[PDB]
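Student: Here it is, the structure in full.
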Amino acid sequence: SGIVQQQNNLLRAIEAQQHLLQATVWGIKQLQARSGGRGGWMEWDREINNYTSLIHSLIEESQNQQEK
Amino acid sequence: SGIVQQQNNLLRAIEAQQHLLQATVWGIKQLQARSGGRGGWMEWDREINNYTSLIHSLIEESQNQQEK
Amino acid sequence: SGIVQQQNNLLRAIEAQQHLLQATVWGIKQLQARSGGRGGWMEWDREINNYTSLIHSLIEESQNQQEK
C-alpha cells in the first residue's frame, strides 16, 4: 500500500507543522508579554488552545484508524 | 474505505490548522498595530491572504472530488 | 485513482500552508527586530528551522513515493 504509507507521510507532515505552529504561537506570546502583558489575550489563548485540541484529536483519530 | 475516511480525517486536520493559522496571523496583526501601525504591512497581508485563498481553494477541491 | 489525486491535493494544501507558516514566522521576526533585537531568539530560530527541514523532508518524501 503506497497509498497507506503515503497517508502516514501526510499525517507526519501535519504533525510536524503542528509543532511549528505551536512554537510560532509561543513566539507571539513572548512578544505580547513585552508589549502590553497577556491579560487581554485570554480569549485568543482559548481559541488557539481549542484549535490545538481539535488538531491533536484528529491526529489521534488518524492513528487510531491506522491501527488495525 | 478506511483510506477514504482517513483522507477526510487529514483534510479536517488541515482545515483546523488553517483556522489556527488565521488566528495566529491575527495575533501578529494586533501586535503590529501597537508597535508601528499596519501601513508597511500591506504586501505581507497580500501574501498571507493569497496563501489563504490558495489553501481554501485546495480544501474545496478536496471536498469537490470527495463528493461523487 | 481519485484517492491518489486527492492525496496530491492534500499534499499541495500542506505545501501551501507551509509557505503561509514561513511568512507568518517572518512577520514575527520583524516584530522581534523592533522590540528587543534577535539575539535572544537564536534557539527559537533553530527550532523553527528544524521543523521546516522536517516538513520539507516529508514533502519530498511524498513526492518521491508519488513518483513511480
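Neighbour counts run over all protein chains shown; Cβ positions are idealised from the backbone, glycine included. Every read-out reported here was derived from the displayed coordinates using simple, explicitly stated rules and does not represent laboratory data.
Student: Which one of A:7, A:52, A:65 has its Cα pushed farthest toward the positive end of the charge dipole of chain A, where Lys and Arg give +1 and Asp and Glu give -1 at the Cβ?
Tutor: A:52
Student: Next question, about the same structure. Just from its helices, what would the mean residue ellipticity at 222 nm be for the protein assembly as shown, if runs of 4 or more DSSP H residues each count -39500 (n - 2.57) and the sum is divided by every residue, rounded to the nearest 500 deg cm²/dmol?
Tutor: Value at 222 nm, helices only: -30500 deg cm²/dmol.
Student: Separate question: Which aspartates and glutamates have a Cα less than 17 Å from the Cα of residue B:29, not counting those fewer than 8 places away in the same chain?
Tutor: The reachable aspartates and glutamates, counting only those whose Cα sits under 17 Å from residue B:29, are A:43, A:45, A:47, B:43, B:45, B:47.
Student: Taking the Cβ of residue C:50 as the centre, find all other residues whose Cβ is under 15 Å away and add up their charges (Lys, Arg: +1; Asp, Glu: -1).
Tutor: Around residue C:50, the charge tally is -2.
Student: Whole-Hz ³J(HN,Hα) for each residue in the range C:26-41, computed from phi via Karplus 6.51 cos²θ - 1.76 cosθ + 1.60 with θ = phi - 60°, x for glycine and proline: what do you get?
Tutor: 4, x, 5, 4, 4, 5, 4, 4, 5, 3, x, x, 10, x, x, 10
Student: Give me a single rounded figure for A:47-59: the average over its residues of other chain Cβ atoms within 10 Å of their Cβ.
Tutor: The shielding value for this peptide is 5.
Student: Oh, and also: Using only Cα atoms, tell me the angle between helix A:42-66 and the longest principal axis of chain A; keep it within 0 to 90° and round to the nearest 10.
Tutor: The angle comes out at about 10 degrees.
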